[PDB]
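Asks: Can you keep this structure in mind? I'll have questions shortly.
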RNA sequence: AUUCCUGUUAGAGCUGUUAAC
DNA sequence: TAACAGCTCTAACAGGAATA
RNA sequence: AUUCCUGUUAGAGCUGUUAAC
DNA sequence: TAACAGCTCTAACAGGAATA
Ligand SMILES: [Mg+2]
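Protein chains in written order, with the deposited numbering: chain E, 4 to 326, 329 to 375, 378 to 583; chain M, 4 to 326, 329 to 375, 378 to 583; chain A, 178 to 187, 206 to 294; chain F, 5 to 263, 268 to 346, 356 to 473.
This is the structure in structure tokens:
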């Protein structure tokens, strides 16, 4: 059974689903696994008799692990990761002292090293929002239970073997959500973790689980068999006529590495008439997030704790401009709402198709798709005939900043509109390089008075500079002053970015003048750049950057006209 | 022992403090008390033997309660609120069926009617933030298992009679916080609630009470005795070296109504050398509220759940002004930061003292205490000699709105400053009534051209009106048009409030012209009031309310001058 | 307010020792008993319901060389239900170094 | 509306030197006081070795002699300080190799270079090292020279000789200072001498200088990637570097892989959690188990939801995490006014949006001018006329722009491989990028972690 | 590759917005 | 999955040297 | 008090800000 | 606890009648 099918199956019927999590989920919560736990005991055992400093060797070192394992093999102990080893080393270290064994197992799996991860904060959410009712976890850790306390703020009813009859009663009275530990909490005398204790099953829990099986279908994850008592309980549990209406999916992280016991149990279950399926869903943590992703109408209150990254942190406010102040190149566009034109097409259209129609027709208007057009209707009639046009109406953009941030098409459209507006009534030529727009001094009109201030900006030692011309050592390359103008969405504001550049008349032959572009820009220091930016502000706006609110409209003689207003003074902020 | 000394005593040493919550605290959690349970049982049984509709008659009715109690007394049952009644009615209704008894007690005290209040949440916060480590409460339903889990976000280890030896191990290994129920959860069969079960104590739990006695001191609340087993455990508990190291205060909501067993018990402890004290601190909720109030450096994360009212809800944002629009009387003061003068006094001063110095000296400046003065230094030198003045420096109010909102002295000072500024260069007279400032047309200069528009405002059917004069039937009362001008702090903004009024020249003789004030104001409808407000805006600002940002400074010829800027157009907002 | 150091000089610390006795298990080294005052001190500390919960451990350099009173007290504590033990280690300084 | 939030200029971070003296100018402090790690004897003496063809060994011995003797700065004299001689300035003798500590490259290297085979050329250069291998005890550092005739194999598609050599000799523990003719012939001499000498000291021993005012309880993490152009698609090889000041005096600067295949430079939940786990386990090993309290994860690209969730769930609640993204290319650029002759003071951070700030890692630096004291210096004056700031887009933090901005500024100055005053990016990002290049060239390096002195 | 990052020429990676399949 | 928009990065080259 | 809330004349109640005790 | 600032309320009176 494929993994996508498992997610669909767990979503169609998620209201009747027991979970079974034994020692596999604890790996990812920061809790040492049983394999790691064996090494911790071996480390203590070796350091104890052979008097060695505990600080001197770290157990996850390869050399120290090999040395300790060689020592263990020297005394005839089991060789490597073999059965009857974990219980063997426990009973060796603690020499049949179940109180000290319990205390150590509590300290190793204590509730201070546990850090819940998304897979854990998803199962508890499923418990609270009441899709899964029974979770049998063969883990003695205080997590999934801690996860429920964190996510909902309530107390979860955990059932250790210390009571051991509450689960049979609780499932029957439907006081969900139940979390019955088949091996019980470590806070109690009986832990049932050694191999001799792992051959028997508690009579009443056997019952709790059987009741759960008839009522729900089982999903077992992070479980690799190797336990005889749980395997025989599951085998008996299938014996029941309606064992899992919802089918049992054993989610292994890897089907290839799954033990043969799981596969033969699945085959036996299929032979007994149930629809048990084995699926490979990678890690439990990855799987839980996908199951949660497919969950519909998840409450916001619990989802604010399930996925803490979903909520937006670091909303740290900025201080006031009170009390040297950098002067950036950002002109704030205080326009909040604009009007655009919409055309309805009888057939669906593609933004590429509209772009090629722009290239062919070359109208005196702007258009984009989302089809929002800015300009005159007759231009659109030239672009689109009456047959393909259903209606032409109006569009209002109440929040320009949110609109451009949401859709990049709106960003490009508004950038093109403001660029056309700024260069509508001025002699400065408008070009494009890649996806950016450049306002460049024209070659012929370089002697204008409105450029003279710019001529002062580039001048050396206060004399008259040059604005346009030919490269010193180029055959045909022509150069001019220019400004790259862009639209930047910052927070909830829109700004115009101006950057002084040296435009080259041939587009593809810009690199041949690189040295010149370098040479002309070697000494454009803070004062010179300040002067050039002021001159460009004056050219583009017509007013000096003091207390100005110049307003510019694109296509003023058109029915659909956009009227922007940009402060003539660039952004500044005095130091604190 | 007075309650305040007990609070200091606890606050002095709350690190080492066991709590002993009885069934009284759960009284508020919304769970039915012992008497409520008894009345439910009688009503449940009375309706069945005598076939009566269960929902037809309620239980908290006085008549139905009396009728049911009379029926119960008819069959020879115990009379009224007497011992061996609660257990008697339980054993009568359930005829020795402990499973059904447990199920009913679970349903009555279930975790759906419980709504945690401040007391349980505060105790759970004390548990999490680790001041109190052991909470033994003779209750049943998990009001705290829930509440500490909700505020801390971490699961709580509850101990009961099903295991009952977990508490001693957890105490010995310092696995705090521990919450040991001396009578166990209702999910578990051991409930220990009938009188025959209430004579014995579990050996391991009883053992725990004595070991925990030496480690901490006990605070017992919501407990009224009447239990033999807990009383004898405490007496045994009292009978040990340093049984309560910090002492045990048996807190009761009322010392007068306390049972003699407690007072007998408190007197008994004192004879055994411990410092046990009985105090009255009101209800459990108020006690814990005060205890949390005295808690220092409480973490913000848990306190956001302890007191949900402390955080500010209902921060519902307001929409835009998009798309009839009311025109209020509020002029927005866009000034954000102002400069003031500060004088340092060699001796402490009182705001009343400064006010009387103002009354006597009558300087040409403003002063307030927080001493912030606005005006010229020589005026302050007239008010205060060199001997009492240490230094004179500057003060900056970066956020005017927050400053006026925080301190009402700042509100009054800024209101007076803006009033003086607005009437600095204008012939309109400035008066005060109560604490409201009035700008009134002067008597002599009533023929000014700047008043002619106002003359148009009051005119009838477009003719020339009257602005100042004498009352129709008053001996000496003189009347004039005026505007009450005030400062209003709204959110993060400051506004100027203008209200048209009819000023009367004698302050205390205003009522004699009331009819006239009524008669003149009978027909000042929306159009007329609009005209008067526009005329007053023109008079006070010199510019019509379109796109204006008139700026006014008070004491422009002074070293310490306040320069405010108020938009000339009142607040407006188009309908959505 | 730990850490605490108190010298018996053998009832001022007797109440404190009994209070200490319930809180944590005690280990006694470098002492052979032979003093009736501390003997009764410890015997009185044993009686309570939860006395020396972790255990009472007697560490002498040699088990057979210890005075009979120590073994008598160990047997009495074991009979009372406490988990007192008599373990043989080396010299107190060597024991602490190995710890 | 044109008045932005008030900025504050973080002052020039102080650098811990010889006898715990602090000076914000690295080279001036090195001349005046000496290396920070020279307080203890980590390098007893800097014993060198040469690996070059027989023809060009004279260049190696000549440059070593130049390191021995003092030199004066010719270019960029605004910043640089006169060399005082290796023995005088680093307080440790620089030992010229003897005959047996001076190897000769095989003549087959020339044939391979003529054949234009980079892999075989790197293999032959490494195989030439066996003569030095026996006397591995004999030579602390090795100066590998490459003649210009090998240029055809220096850099071409799907290959880089320097990274291949570094990855081949990293598991063999011998530091290597590659010398090209490029810096063998460069006009200014004090430039090359300062750079080579500081590199030699760092690779033989370590810690020429250490950043002062460094809380021992913060571990700084930087993730950076590189691209291997596969025939069918692409491979995004991302690696993570870590810096921290441990309880011991030796400031630590390491890097490591992140593991299989990645099609995008964004780590998934499991990979981010695994990398972060390795990071704080390394910190705990270097801090006897103590948990870090502040964690800074600098990434060149934005953290997805999975990365932020992995960060949140890998640590406990006691360790607040400062997830910050660094943007190099930005549209904004500032100009200081009082307009100033020199650009805006270095280190000014300007809060633009509640989560996005401008940091001026480039800009004028005060107090480090040699000639005409008091004049500001612009490090990148030759390259650019104005400083281009970077954008910090905080993805997770509790509060305080200053806390992360000052940390980034101090992390921009501890690149011992960098000759100049500072770096545009924190050392975490630059070392993660260098190791990403190394791993992309040699994929069989994911097993081990390496100190900075191997790859700088 | 003693260094530094300034540009050029390209491609990807993410987001999106449509059309689907 | 196929285009299209923006934002940002690296991958190869080239390249000159700190306010003149 | 069939109603309505417009004013007048007063006092409190909360918040604060100081000085204390 | 004593003043002082504002915001808001009720407690007693009085009082005239729906754009003229
Ligand atoms: Mg190097």
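The beta carbon of each residue, even a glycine, is placed where N, CA and C say it ideally should be.
(1) Of all the CB atoms in chain E, is at least one closer than 8 Å to the CB of residue 286(M)?
(2) Closer than 7 Å by C-beta to residue 126(F): which residues in its own chain qualify, once you throw out the five before and the five after it? Chain order, please.
(3) Report the partner residues of residue 477(M) according to the DSSP bridge assignment.
(4) Rounded to whole angstroms, what's the CA-CA distance from residue 496(E) to residue 505(E)? Just pull it up for me.
(5) Name the two residues that bound the continuous beta strand (DSSP E) containing residue 379(E).
(6) With respect to the beta strand (DSSP E) encompassing residue 295(E), which residues constitute its N-terminal and C-terminal limits?
(7) What does residue 165(E) reach in chain M if we use C-beta pairs closer than 8 Å?
(8) Which class does residue 515(M) belong to by DSSP, given the choice of helix, strand or coil?
(9) Nearest-angstrom Cα distance between residue 180(A) and residue 211(A)?
(10) Quick one: Cα of residue 474(E) to Cα of residue 342(F), how far?
(11) Which residues in chain M have a C-beta closer than 7 Å to the C-beta of residue 148(E)? List them in chain order.
(12) Comparing the C-beta of residue 358(F) with each C-beta of chain E, is any distance below 8 Å?
(13) Pick out every residue whose C-beta is nearer than 7 Å to a heavy atom of ligand 1: which are they, in chain order?
(14) List the endpoints of the continuous beta strand (DSSP E) containing residue 441(M).
(15) Checking contacts by CB at 8 Å: is residue 191(M) closer than that to chain E?
(16) Could you tell me how far apart the beta carbons of residue 211(F) and residue 40(F) are, in whole angstroms, since I believe they sit closer than 8 Å?
(17) Nearest-angstrom Cα distance between residue 16(M) and residue 249(M)?
(18) Starting from the beta carbon of residue 361(F), find every residue of chain E whose beta carbon is closer than 9 Å, and list them in chain order.
(19) What's the call for residue 242(A), buried or exposed, on a 16-neighbour Cβ count within 10 Å?
(20) To the nearest angstrom, how far is it from the Cα of residue 293(A) to the Cα of residue 54(E)?
(21) My parser needs the alpha helix (DSSP H) runs of 4 or more residues fully inside the segment 116-160 of chain E; what are they?
(22) Does DSSP classify residue 164(F) as helix, strand or coil?
(23) Pick helix, strand or coil for residue 403(E), following the three-state DSSP scheme.
(24) Does any residue of chain A bring its CB to less than 8 Å from the CB of residue 70(M)?
(25) Who does residue 467(F) pair with in a DSSP beta bridge?
(26) So the alpha helix (DSSP H) residue 62(F) belongs to, where does it begin and stop?
(27) Taking a Cβ distance cut-off of 7 Å, strictly less, list which residues of the segment 206-236 of chain A are near chain M, in chain order.
(28) With H, G and I counted as helix, E and B as strand and the rest as coil, what does DSSP make of residue 377(E)?
(29) Residue 580(E) versus chain F: which residues are under 7 Å apart at the beta carbon?
(30) With a threshold of 8 Å, are at least 3 pairs of Cβ atoms found where one atom belongs to the segment 151-160 of chain F and the other to the segment 430-445 of chain F?
(31) CB-CB under 6 Å to residue 339(M), same chain, minus the five flanking residues each way: which ones, in chain order?
Replies: Judging by the given coordinates:
(1) no
(2) 165, 168, 169, 172
(3) 485(M)
(4) 14 Å
(5) 379-381
(6) Segment 287-296 is the alpha helix (DSSP H) holding residue 295(E); no beta strand (DSSP E) there.
(7) 165, 166, 169
(8) coil
(9) 14 Å
(10) 23 Å
(11) 158
(12) yes
(13) 181(F), 182(F), 203(F), 434(F), 473(F)
(14) From DSSP, residue 441(M) is part of no beta strand (DSSP E); its letter is neither H nor E.
(15) yes
(16) 5 Å
(17) 7 Å
(18) 329, 331, 533
(19) exposed
(20) 7 Å
(21) 123-131, 147-155
(22) strand
(23) strand
(24) no
(25) 259(F)
(26) 61-72
(27) 210, 213, 214, 217, 218
(28) Note on chain E: consecutive modelled numbers read 375 then 378, so residue 377(E) has no coordinates in the structure shown.
(29) 7, 8, 9, 10, 11, 367
(30) no
(31) 572
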